[PDB]
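First comes the structure, then the notes that go with it.
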Amino acid sequence: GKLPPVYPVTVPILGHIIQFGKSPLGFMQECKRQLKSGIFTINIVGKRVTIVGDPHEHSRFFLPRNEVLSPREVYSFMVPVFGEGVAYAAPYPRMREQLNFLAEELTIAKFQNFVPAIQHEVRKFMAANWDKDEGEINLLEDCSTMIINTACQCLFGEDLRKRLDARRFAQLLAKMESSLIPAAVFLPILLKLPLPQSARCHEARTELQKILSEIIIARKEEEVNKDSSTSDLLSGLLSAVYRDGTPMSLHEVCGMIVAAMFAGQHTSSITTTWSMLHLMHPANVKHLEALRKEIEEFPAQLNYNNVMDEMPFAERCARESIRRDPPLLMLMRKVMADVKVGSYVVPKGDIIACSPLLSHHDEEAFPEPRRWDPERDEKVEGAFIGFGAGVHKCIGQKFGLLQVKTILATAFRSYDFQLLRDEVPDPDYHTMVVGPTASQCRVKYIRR
Ligand code: HEM
């Protein structure tokens, strides 16, 4: 049987993990050149990772069923955050029901109210922080702030937001986040070892679950004492019932809320940040004009029609930011049985990977891939994979872009911006979710 070509190993027991970490785009491009193949295999702490770096074969990573290409082992390092037996740790049918419940909290009907809640939080942030004629800010830090405030305003009732304000929720989530070791996918002994990480994570998740149980009790009180429907993500998920006939446990509800914050917080804020950095750069003046024309006749209070139906150009600007610098660099599954991919067989036991970073710089699909051009279209069907595809395609895609677009429309309607650098920031590949380098993100705002 014919295996993909394997990139030569120099470093004994580490393999390619350090080369890859230093420059993931650079390293993977060098692999495909030397090995004369978009499908090739690297070595991560002794483990074979086969990369499907030919966009013509993306469907062989995204479409196979979970029993063939499994997400469980790849997400096992996130078990302390999601919770044991929740999401990818659950049997696949139950995993899919839980994911569907979350998806169903992000319906089009919900979006009707989301728009003015998002815009409210954005304007409140700009009034507190961008309050003069002009001033200097760190755009990545402020976009991250706006995104946690906007998402919480959409997803959580006022009562939950008071108890668990954006500041307290950020601290708890940061505590969970600082516990993750993605390298545990390749060194799975780490999943069993005693780690101080594990205990900090369990503490923060337990505190969150405690606050949720307390809010649920407080809600029951308000419903008794006066009227008091509060309808939000928490109440929606608690109303969910499996085909089993059984309802979701608080444990599972807490895990799904956590899953939604980890999936959508850094991705959304980074997409916003890059979009803004590109649009304020002088080279992109025509794109900034196109966005300004797009929003020119919108009312001061945006509605769902403006954002969802009337901003196709702003959506190209966000997608092309993710195209050029995808926040998730590598997507992975465990190969549970041999799979043929192009001319190769990828053996059972391999990690198979598909990299948005590598595929989005394929020069046949994306000519001049470092150039940010929201007018571009992929030249190979399906080569854009910044929201994944197929069986685990992103469920938050529309909600994320709803906030990115509302922030763009609100910010550029009232402000101009200037980069304090000649070029847009370099991507910083040293974080789990990749964004522009934070120290390079100082910008000047100018009230219009
Ligand atoms: C706007 C920026 C976003 C980006 C670039 C992004 C990207 C991605 C990608 C690449 C995947 C596929 C992962 C894989 O194949 O292993 C994914 C899945 C997922 N995303 Fe998003 N995401 C974004 C926003 C959101 C938001 C805002 C939420 C929730 C509110 C969300 C929820 C999810 C969930 C639950 C999954 C797992 C789907 C499954 O396993 O079936 N995402 N996302």
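Just so you know, all these numbers are worked out from the coordinates, no wet-lab data involved. Cβ: placed from backbone, ideal geometry, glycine included. Neighbour counts: every protein chain shown.
Please verify whether the stretch 117-137 includes one or more residues that are in contact with a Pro (Cβ under 9 Å, 6 or more places away or on another chain) and of a type in the set (A, V, I, L, M, F, W, C).
No; the residues of the stretch 117-137 include none that is in contact with a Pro (Cβ under 9 Å, 6 or more places away or on another chain) and of a type in the set (A, V, I, L, M, F, W, C).
What is the residue count in the stretch 262-279 for residues that are near the ligand (Cβ under 8 Å from one of its atoms), over 21 Å from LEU419 (Cα atoms) and not polar (S, T, N, Q)?
Of the residues in the stretch 262-279, 2 are near the ligand (Cβ under 8 Å from one of its atoms), over 21 Å from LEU419 (Cα atoms) and not polar (S, T, N, Q).
So in the stretch 375-397, with the set limited to residues that are surrounded by 16 or more Cβ atoms within 10 Å (Cβ to Cβ) and of a type in the set (D, E, K, R), which one is farthest from the ligand (Cβ to nearest atom)?
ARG376
Go through (1) touching a residue at least 60 places away in the same chain (Cβ under 8 Å); (2) at negative phi; (3) not β-branched (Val, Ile, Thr) and name the single condition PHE20 misses.
Result: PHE20 passes all but (1).
Out of all the residues in the stretch 110-151, which are away from the ligand (no atom under 14 Å from the Cβ), of a type in the set (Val, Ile, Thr) and assigned to a helix (DSSP H, G or I)?
Those that are away from the ligand (no atom under 14 Å from the Cβ), of a type in the set (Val, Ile, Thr) and assigned to a helix (DSSP H, G or I): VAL115, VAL122, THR145.
Given the condition buried (at least 17 other Cβ atoms within 10 Å of the Cβ), in contact with a helix residue (DSSP H, G or I) (Cβ under 6 Å, 6 or more places away or on another chain) and either closer than 29 Å to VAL307 by Cα or without any contact (Cβ under 8 Å) to a residue 24 or more places away in the chain (or both), answer yes or no: does some residue in the stretch 76-84 qualify?
No: zero hits.
Exactly one condition in (1) in a helix (DSSP H, G or I); (2) within 16 Å of the ligand (Cβ to nearest atom); (3) of a type in the set (D, E, K, R) is false for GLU105; which is it?
Unmet condition: (1).
The conditions are (1) part of a loop (DSSP other than H, G, I, E, B); (2) touching a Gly at 6+ places or on another chain (Cβ under 8 Å); (3) more than 16 Å from the ligand (Cβ to nearest atom); (4) of a type outside the set (A, V, I, L, M), and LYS444 fails exactly one of them. Which is it?
Tallying (1) part of a loop (DSSP other than H, G, I, E, B); (2) touching a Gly at 6+ places or on another chain (Cβ under 8 Å); (3) more than 16 Å from the ligand (Cβ to nearest atom); (4) of a type outside the set (A, V, I, L, M), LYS444 fails exactly one: (1).
Somewhere in the stretch 160-173, is a residue without any contact (Cβ under 8 Å) to a residue 40 or more places away in the chain and of a type in the set (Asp, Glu)?
yes
Which residue out of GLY83, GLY38 is out of contact with any strand residue (DSSP E or B) (no Cβ under 8 Å at 6 or more places or on another chain) and not aromatic (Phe, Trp, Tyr)?
Details: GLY38 fails: out of contact with any strand residue (DSSP E or B) (no Cβ under 8 Å at 6 or more places or on another chain).
Of the residues listed, the single one that is out of contact with any strand residue (DSSP E or B) (no Cβ under 8 Å at 6 or more places or on another chain) and not aromatic (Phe, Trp, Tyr) is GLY83.
Just give me the residues in the stretch 87-102 being more than 12 Å from the ligand (Cβ to nearest atom) and either surrounded by 20 or more Cβ atoms within 10 Å (Cβ to Cβ) or assigned to a loop (DSSP other than H, G, I, E, B) (or both), in sequence order.
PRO91
Restricting to the stretch 42-65, what's the tally of residues that are assigned to a loop (DSSP other than H, G, I, E, B), within 15 Å of the ligand (Cβ to nearest atom) and within 21 Å of the chain's Cα centre (by Cα)? Show your work before the answer.
Within the stretch 42-65, the subset assigned to a loop (DSSP other than H, G, I, E, B) is 45-46, 53-54, 58, 63-65.
When the remaining residues are screened for being within 15 Å of the ligand (Cβ to nearest atom), the result is 58, 63-65.
Of the ones still in play, those that are also within 21 Å of the chain's Cα centre (by Cα) are 58, 63.
Qualifying residue count, the stretch 42-65: 2.
In the stretch 1-20, what residues are surrounded by 13 or more Cβ atoms within 10 Å (Cβ to Cβ) and within 29 Å of the chain's Cα centre (by Cα)?
Selection gives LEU14, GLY15, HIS16, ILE17, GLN19, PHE20.
Name the residue that is surrounded by the most Cβ atoms within 10 Å (Cβ to Cβ), counting only residues in the stretch 297-315 that are among the charged types (D, E, K, R) and away from the ligand (no atom under 15 Å from the Cβ).
Per the criteria, the residue is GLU310.
Being touching a residue at least 24 places away in the same chain (Cβ under 8 Å) and within 30 Å of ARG292 (Cβ to Cβ) is the requirement here; does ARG421 meet it?
No; evaluated as a whole, the condition is false for this residue.
Can you tell me which of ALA365, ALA337, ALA318, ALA353 is surrounded by 20 or more Cβ atoms within 10 Å (Cβ to Cβ), away from the ligand (no atom under 16 Å from the Cβ) and hydrophobic (A, V, I, L, M, F, W, C)?
From the options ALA365, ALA337, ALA318, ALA353, the qualifying one is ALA365.
Look at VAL258 and say whether it is within 11 Å of the ligand (Cβ to nearest atom) and under 25 Å from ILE148 (Cβ atoms).
Criteria met by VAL258.
Give me the pairs, please: first residue somewhere in the stretch 323-340 and without any contact (Cβ under 8 Å) to a residue 60 or more places away in the chain, second residue anywhere and not polar (S, T, N, Q), beta-carbon distance under 6 Å, and either six or more positions apart or on two chains.
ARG324/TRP372
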